[PDB]
Amino acid sequence: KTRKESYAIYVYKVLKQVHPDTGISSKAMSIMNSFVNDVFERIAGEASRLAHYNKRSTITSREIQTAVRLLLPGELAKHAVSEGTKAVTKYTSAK
Amino acid sequence: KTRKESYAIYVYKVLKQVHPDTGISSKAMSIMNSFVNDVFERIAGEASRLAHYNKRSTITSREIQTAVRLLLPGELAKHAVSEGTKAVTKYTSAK
Amino acid sequence: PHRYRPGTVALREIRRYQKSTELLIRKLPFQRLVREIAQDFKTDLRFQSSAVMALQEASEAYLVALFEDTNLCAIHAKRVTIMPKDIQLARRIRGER
Amino acid sequence: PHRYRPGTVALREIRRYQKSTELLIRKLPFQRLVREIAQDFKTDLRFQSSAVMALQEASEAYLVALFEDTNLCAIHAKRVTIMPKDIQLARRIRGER
Amino acid sequence: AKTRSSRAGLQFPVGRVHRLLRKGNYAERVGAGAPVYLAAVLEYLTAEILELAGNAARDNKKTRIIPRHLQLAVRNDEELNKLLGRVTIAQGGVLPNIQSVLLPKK
Amino acid sequence: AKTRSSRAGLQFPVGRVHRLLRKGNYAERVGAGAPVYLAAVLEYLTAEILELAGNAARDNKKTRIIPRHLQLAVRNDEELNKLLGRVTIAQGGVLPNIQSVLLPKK
Amino acid sequence: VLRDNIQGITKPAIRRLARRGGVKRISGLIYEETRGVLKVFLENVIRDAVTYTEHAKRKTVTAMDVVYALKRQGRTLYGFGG
Amino acid sequence: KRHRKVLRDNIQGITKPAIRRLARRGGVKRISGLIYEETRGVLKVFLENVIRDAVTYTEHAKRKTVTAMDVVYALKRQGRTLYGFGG
DNA sequence: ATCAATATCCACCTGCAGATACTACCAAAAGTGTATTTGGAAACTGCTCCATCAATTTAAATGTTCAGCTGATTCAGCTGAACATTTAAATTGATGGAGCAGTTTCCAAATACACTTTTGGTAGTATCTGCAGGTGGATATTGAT
DNA sequence: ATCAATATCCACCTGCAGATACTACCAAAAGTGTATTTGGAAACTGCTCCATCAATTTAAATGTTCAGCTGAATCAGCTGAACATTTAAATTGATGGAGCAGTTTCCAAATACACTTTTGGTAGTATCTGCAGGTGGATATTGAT
Ligand SMILES: [Cl-]
Ligand SMILES: [Cl-]
Ligand SMILES: [Cl-]
Ligand SMILES: [Cl-]
Ligand SMILES: [Mn+2]
Ligand SMILES: [Mn+2]
Ligand SMILES: [Mn+2]
Ligand SMILES: [Mn+2]
Ligand SMILES: [Mn+2]
Ligand SMILES: [Mn+2]
Ligand SMILES: [Mn+2]
Ligand SMILES: [Mn+2]
Ligand SMILES: [Mn+2]
Ligand SMILES: [Mn+2]
Ligand SMILES: [Mn+2]
Ligand SMILES: [Mn+2]
Ligand SMILES: [Mn+2]
Ligand SMILES: [Mn+2]
Ligand SMILES: [Mn+2]
Ligand SMILES: [Mn+2]
Ligand SMILES: [Mn+2]
């Protein structure tokens, strides 16, 4: 009866963009859902430490950005940062 | 004029209880201060996740107790549990 | 009466099992082991089905990866046969010992 | 003249350094190394002198314990001499490579 | 009445990400852009894995991504392999790999 | 006008520990027994290491504990060694330990 | 015909796991060695999982208890919730 | 500053006897000639990884001085927790 | 080289376990409007960190000699692989009931906020002491013969 | 078993870097005391999904036969250890200068909090369909001769 929240629909949206004619099994989707949660937790935890280390009350996109650089391997970090910034610029420049 | 807290004075009290005639170097004390901070964060970290896992918004002595059992190896866990339970029981009834 | 050389069927099994993903221990015997071990921590426990499966995916992944390291240890000693001393070395370097 | 046999002075050295706790690498050279590497990440950095000492304590402990693992790898191959291949097995099993 | 996801140009839910950051005890306050930024990164990494996993499905003559394809995607990629170096993908199996000293003497 | 530590029978600071649990953002709420229990654990653990370390100092004819004694305490004790299995004690050195095969003769 | 539960992890099954791990040739003593290692692995993870169960005041070990236990043991498992 | 010095090849400042002393503490009795360059390469990798994370905390804090805490947090990040330097 | 035993490959087929799709709520976003909270900016002056040089101390490099370790080589015995045949256990599919999880209740306990008191940190000199690093010299350990 | 060379142990002695000692101290917390808000334990319950048990398909154990791997043995060529002497770097303790953290105070911009509307997201339920696994036949690999 309770609602069980999941990244499933958004993972699926992203799958359609990248491989419009490719589906995905239940089990694979559950794997992708663990992946998103784990990465969320890792980035959020690092961002949290950074704030506390610097005696700051707030997690801002800057903490996220430094968190991404500490956590992601070289090239992965580079493109993640640019996606992050891209999305923030787009979002701010919205009337 | 800067302020910075440490567990130095409490480590020294305990030391005086166990070895009345034994001192401690400033570098040894620094290690002891890192030790306490490190074990604080680990237990509190485990206690945090434990609450989150159970949809609790409160960290109680019952979370601290489960975190001690997850974190400490066998014999140290057993004895830390007693000492903790003992101090909580006494704290409630002394007041 | 055709017969394969020692090692030919082993190599074939490697290729076969490296290609597949199915669990390689039968389910029931694994379930019994799990239940026996949990009983020593708390009696009269039940287990969700997916809990036993989780433990099995994990345990089998752990053992496969340990068998890889063990193999590198045997090969380091110029052997092709894994021995308990290879497992022991792998575990000691991992900091499991 | 008197001569100790090969291996005798080496064993004496093991006892001596296993007994002591001082850093075994000179301070100035290790500091230049840290400075050089870090300059390559970011120009115009200063270091608190305890930041460099912390890096040296960590580095030497990392290397001592890697040599222990490497030693076990050599001995596993029935040798007493550590070789690059012992270090590489150790780091592979550790998940460093 | 427009979602922050659409405003940021994302498939991933900026709103949900915001909530999860608040109720996760990460810090007292969470800034406006942090969830946008984090959502973007999560979307990005999902796309990265799904692309390569999709490719592995294709090569194996399949249109449905299963766990095996995720494992092949991740472990044949140096960077994804490193990020997930201590993760186990259920039903993933392993990469085919036989040490050459074990091969029969050709 | 009593300290919570004296009430609990502890040398370790209950007030301080409560506050650090607040500042660390571990949960929205912190119960009154939480910092008493945790202060007790921390005190017990430091008593356990200081006892062994004081003994190590005595075995080495010294009145003053140094990091070397701290490291002998930890690494000679199975459980403390495991708790601190991934921790480096500065200026601790290692335990004397030479492998068998390396010794001379037969 | 008693025989302990650990012996239910058969030589052939252990042989199969070794094959997936790329092993060609296996000493007779490996099978007992492997059973011992699996028991230690299971003990370590189950103890932690049971500890989550008891904390939640449950009589059933959930997949999430196991997942959480694996994570804190540095063996993150994907595909079972969380 | 009248100038600024150029750092090159400082890894060779880690001499063969220093590396031998570390091996002795590690329990090593006999050492092959190629160990010294192998160890130099392992130490350089280790320092790059840790220095990289330390410098990232420094820049994040908008500082130009690498603090002991920057190093301690970096070591902790890598599961190499160090005691005796502020955490 | 040939010859044959068996493993492996590809094409095609098909029903059903497991996908996708359609729907009807509604929990939780988004919107809207005060209500705090924060963390540069600018302006402090004040140490650490960096540079240099001289004197002194410690370590590295080199040259030379050769002990003994590594790696090659070879082989025989034993042990593990392969496989046929005999034996046992797991998988599968079918049904009560434990207990997880959903809901509604309320009080014990936790937050909040506002004076009141005290313990912890440091700063300034003050006093002192454990032991490092220098000396004995008596007690080992190693290696030549 | 004997000698002698060189290392090691341990002893006492004594300057001092570093540790313990106030004294002021002050102030930043920790405590105390009502006053407000609520989390979660409790008890009741309904219904998933867990354990037990009686159906077939799947694997394990066992015996036997021998290929080929491991471990033992032997040895030469040469690397790496030991050590005296020479050569080079680091250490230590000066001093000074600038460059950067670090303590402090302002409010403009930012995020919290609260409450009111308006979905996108989910569970349920209702279709659609990749592909697992089966069969057939062609040809590849392996291994005997
Ligand atoms: Cl932000
Ligand atoms: Cl063995
Ligand atoms: Cl090599
Ligand atoms: Cl409590
Ligand atoms: Mn450079
Ligand atoms: Mn110039
Ligand atoms: Mn064909
Ligand atoms: Mn169905
Ligand atoms: Mn033979
Ligand atoms: Mn023989
Ligand atoms: Mn046999
Ligand atoms: Mn019931
Ligand atoms: Mn005081
Ligand atoms: Mn001395
Ligand atoms: Mn003398
Ligand atoms: Mn409520
Ligand atoms: Mn051999
Ligand atoms: Mn040579
Ligand atoms: Mn809608
Ligand atoms: Mn098929
Ligand atoms: Mn056919």
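Numbers restart at 1 for each chain; the letters A, B, ... are given by sequence-line order, proteins then strands.
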Sugar-phosphate, base or nothing in reach of B:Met29, heavy atoms under 4.0 Å: nothing
Touch class at under 4.0 angstrom, heavy-atom based, for B:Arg62 against every strand present: nothing
Side-chain H-bond candidate by donor/acceptor type, H:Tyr57 with H:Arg63, under 3.5 Å: no
Closest non-hydrogen atom pair, F:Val36 against F:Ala8: CG1-CB, 3.7 Å
Sugar-phosphate only, base, or nothing, as touched by C:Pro1 at under 4.0 Å among non-hydrogen atoms: nothing
Upstream residue (5' side of DNA chain J) when E:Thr3 and B:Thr60 are each assigned their closest nucleotide: B:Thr60
Pseudorotation half of I:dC22 (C1'-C2'-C3'-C4': positive north, negative south): south
J:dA1: north vs south, judged on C1'-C2'-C3'-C4': south
Start and end of the DNA chain J segment that chain B contacts, any atom under 4.0 Å from a heavy atom: J:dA19 to J:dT103
5' precedence on DNA chain J between C:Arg15 and E:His18 (nearest-nucleotide basis): E:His18
CD on F:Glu28 to CD1 on B:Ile59, rounded to 0.5 Å: 10.5 Å
Residues which pass side-chain hydrogen bond (donor to acceptor under 3.5 Å, both in side chains) with B:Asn54, listed by chain and number, not counting sequence neighbours: none
Sugar-phosphate only, base, or nothing, as touched by C:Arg3 at under 4.0 Å among non-hydrogen atoms: base
Residues that D:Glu13 engages under side-chain hydrogen bond (donor to acceptor under 3.5 Å, both in side chains), provided they are two or more places apart: H:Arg24
Position toward the 5' end of DNA chain I (nearest nucleotide), F:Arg64 or E:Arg64: E:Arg64
Sugar-phosphate, base or nothing in reach of H:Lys5, heavy atoms under 4.0 Å: nothing
Watson-Crick or G-U stems involving DNA chain J, each at least 3 pairs long, distances under 3.5 Å, ordered by first number: I:1-8 with J:138-145, I:10-22 with J:124-136, I:24-40 with J:106-122, I:46-50 with J:96-100, I:52-85 with J:61-94, I:88-90 with J:56-58, I:92-101 with J:45-54, I:103-117 with J:29-43, I:125-129 with J:17-21, I:139-145 with J:1-7
Ring pucker hemisphere for I:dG136, per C1'-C2'-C3'-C4' torsion: north
J:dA94 sugar pucker (north/south) via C1'-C2'-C3'-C4': north
Adjacent-base stacking, J:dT56/J:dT57, criteria 5.5 angstrom and 30 degrees: no
G:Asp65 and G:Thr62: side chain donor to acceptor below 3.5 Å: yes
Sugar-phosphate, base or nothing in reach of E:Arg29, heavy atoms under 4.0 Å: base
Pairwise 5' ranking along DNA chain I for B:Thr58 and B:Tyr7, keeping only the more 5' one: B:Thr58
Sugar-phosphate only, base, or nothing, as touched by F:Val30 at under 4.0 Å among non-hydrogen atoms: sugar-phosphate
Between J:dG121 and J:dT48 - P atom distance, rounded Å: 27 Å
Sugar-phosphate only, base, or nothing, as touched by B:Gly23 at under 4.0 Å among non-hydrogen atoms: sugar-phosphate
Set of residues satisfying ring-ring contact (aromatic ring centres under 6.0 Å, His included) with respect to H:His3, sequence neighbours excluded: none
pair D:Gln39-D:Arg35: side-chain heavy atoms closer than 4.5 Å: no
Distance-only donor-acceptor check, side chains E:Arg29 and A:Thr58, under 3.5 Å: no
Set of residues satisfying salt bridge (charged side-chain N to carboxylate O under 4.0 Å, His left out) with respect to A:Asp21, sequence neighbours excluded: none
Pucker family that the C1'-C2'-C3'-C4' torsion assigns to J:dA21: south
Inter-nucleotide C1' distance (I:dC106, J:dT119), Å rounded: 35 Å
